[PDB]
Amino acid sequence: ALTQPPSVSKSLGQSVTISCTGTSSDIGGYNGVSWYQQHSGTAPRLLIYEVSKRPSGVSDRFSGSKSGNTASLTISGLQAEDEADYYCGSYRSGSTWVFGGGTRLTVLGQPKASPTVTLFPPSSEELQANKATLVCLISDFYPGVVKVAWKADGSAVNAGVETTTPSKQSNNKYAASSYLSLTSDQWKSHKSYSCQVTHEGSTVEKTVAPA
């Protein structure tokens, strides 16, 4: 299709240029390339149209150009907010449309942040259904990588765990959650369960008990 690098990485405050290589039937056939920003879980947003034009409300940090059959998006003064997938697209001769494959932008240099860990025990009502779910909510950390270890009376629990891939919060730090699915009998047969979250060499351990 239109060819973009799978990823680019730059540090805070730097500029980055993303290329988009097409053909003389699209990028080189028209002054018609457009660029889109897409944050995870939301619709693409138009940044640039007709190669270099910006809609009102789009920051002047975004600019576009082309040379021959290759278009380029440049982003100056990189901020954490700019992390996203970027897509070029163009009309193509014969009344069709083509997108580039997308480029994921990573912005480095952001401050480290330790996770907040919130651990809830099972509810009375879930227990009546002979089930017990322990809910370990992990928030406000950077970079977006954590390791979770569950314990029952201090011994490692491996079965019944599901942990999500971290996702960015509105404040550009990350959140994740881990669930331990047990039977009610399992829950009641231990003195305590623990969710231990390790990040950048430090660990936060929270414990709950049947009480």
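When you see a residue number, it is the position in the sequence shown, counting from 1.
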Self-check item: Higher-scoring stretch by recorded Cα B factor average, 133 to 141 or 119 to 127
Solution: 119 to 127
Quiz item: As stated in the PDB record, which stretch has the larger average Cα B-factor, 84 to 92 or 107 to 115?
Solution: 107 to 115
Quiz prompt | Which of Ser19, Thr203, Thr23, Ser189 ranks first by CA B-factor in the deposited coordinates | solution = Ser189
Self-check item: Residue selected from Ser178, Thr165, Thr70, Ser184 by maximal Cα B factor
Solution: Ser184
Exercise. Comparing against every modelled residue in the chain, figure out the third that the C-alpha B-factor of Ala159 lands in (lowest, middle or highest).
Key: highest
Exercise. Compare the C-alpha B factor of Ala152 with those of the other modelled residues in its chain, then answer lowest, middle or highest third.
Key: highest
Quiz prompt | Ranked C-alpha temperature factor of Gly57 among modelled chain residues, by third | solution = highest
Quiz item: What third of its chain, lowest, middle or highest, does the C-alpha temperature factor of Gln38 fall into?
Solution: lowest
